[PDB]
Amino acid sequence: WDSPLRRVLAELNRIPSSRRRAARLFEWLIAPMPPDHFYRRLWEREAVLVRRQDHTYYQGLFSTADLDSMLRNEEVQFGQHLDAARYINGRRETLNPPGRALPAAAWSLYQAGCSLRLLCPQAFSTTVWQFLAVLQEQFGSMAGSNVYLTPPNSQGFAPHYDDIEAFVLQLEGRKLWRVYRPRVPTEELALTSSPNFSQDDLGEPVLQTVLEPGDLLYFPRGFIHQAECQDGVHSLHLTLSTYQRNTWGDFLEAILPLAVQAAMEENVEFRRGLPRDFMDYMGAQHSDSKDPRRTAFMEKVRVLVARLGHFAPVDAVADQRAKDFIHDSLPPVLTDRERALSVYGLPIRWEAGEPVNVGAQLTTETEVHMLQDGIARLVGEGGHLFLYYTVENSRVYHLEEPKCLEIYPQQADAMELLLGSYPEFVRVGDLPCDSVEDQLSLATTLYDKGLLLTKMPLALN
């Protein structure tokens, strides 16, 4: 009936800023380790174990009882939502029958030694949703999760490395974990998930421990790991994952074609003709030529490539990734105050044959600010202006297409202000527009979409 997780959630609900809520939750998640130390020294560098000495730390987040209800009461399907997995004679198996995952089938698979893995806990649990929704905002990257329930005296999964940064939250039971440093320079901070490996492929664990509820284990993408249940208890854990393809190279990959195209438009040296006879000394077949034109051809490539830095539209690419992030984001979890100050908390409802509370409008005296800090991004595309937002996203990844609205040039400045000054209230009448019309329409359009709050409710009971 109380736990550290329940308390931190009540605490978040009293922190007015969403940026601050996010920092605070991530502090809680790794406590007592300071985030700053973690991000400077451990993130993308080391495996980290936090021995919580508190079995209750995560109570309320997710439980096996939760899972059992969901199988009974929601349309959970094998494959789409739930996997049944075994690791037995050095071999990974998958035992999903097609269709609905009823309790009766799931528990018989469990009983036969299958781990159960729920791929999108956040679609079924409001607590996991809140957890990830808050944390994504301090990662600048989608936070996902899987829940892994493993039966006693069994291993569910082969040793492997994944393509994300992983935080394992031990929820119930005990599990023996082995985590290994990247085996080779090329596996450090891996881009893609590895194949299932065998024990002959493994070196010596850098971390070997039995996790217990409340504990945390973190390790970077590329760190092999495996896990088992011994000693007759089950294990349940939730892995929080982030930073899938959020690298410097992924930034460049988008930058380069634009930069070359810009370089070709703006500087004739990029438009000059290749030599008529480069095919005489370049190519695989010419890889050992002593033609000095070869040497010079290479140098020129490197000099031209170097000069691309100048043409790279860094801010434009930053906004495209921002926009992708907006699309990938879980929709926001509103504090009671945020609800109460927004369109969502308006007391307008139907009672005895009619709607009550109609019509309390925004005026120039209404003081406003963005609903939260991590729900919206203004992006210029095709010489138009588009405000992308998260407030209508599904809890399921990309179930809805990207949502946006156009912001007319007259209104652009006022929108930039709004986004850049959260959480400071601004009189609608002091927003930088020419008219009172434009002030009022931006504010009102933002409000009705659930993007804006008012210092006081517009409508009272």
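We number the residues from 1 along the sequence you see.
S.K.: Looking at the deposited entry, does 69-77 or 237-245 carry the larger mean Cα B-factor?
M.R.: According to the PDB entry, the answer is 69-77.
S.K.: Going by the mean C-alpha B-factor recorded in the entry, which is higher: 224-232 or 179-187?
M.R.: Averaging CA B-factors over each stretch, the winner is 224-232.
S.K.: For the C-alpha B-factor as written in the entry, point me to the maximum among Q285, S329, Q320, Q170.
M.R.: Answer for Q285, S329, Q320, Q170: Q285, with the highest C-alpha B-factor.
S.K.: For the C-alpha B-factor as written in the entry, point me to the maximum among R349, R302, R271, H160.
M.R.: Highest CA B-factor of the listed options: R349.
S.K.: Using the B-factors in the PDB entry, rank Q155's C-alpha atom against the chain and give the third, lowest, middle or highest.
M.R.: Top third by C-alpha B-factor.
S.K.: Split the chain's modelled residues into thirds by Cα B-factor; is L61 in the lowest, middle or highest one?
M.R.: It falls in the bottom third of the chain.
S.K.: Against its chain's modelled residues, does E365's Cα B factor rank lowest, middle or highest third?
M.R.: Ranked within chain, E365 CA B lands in the highest tercile.
S.K.: Sorting the chain's CA B-factors, does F311 end up in the lowest, middle or highest third?
M.R.: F311: CA B-factor falls in the middle third of its chain.
S.K.: Thinking about Cα B factors across the chain, which third does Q136 belong to?
M.R.: Lowest third.
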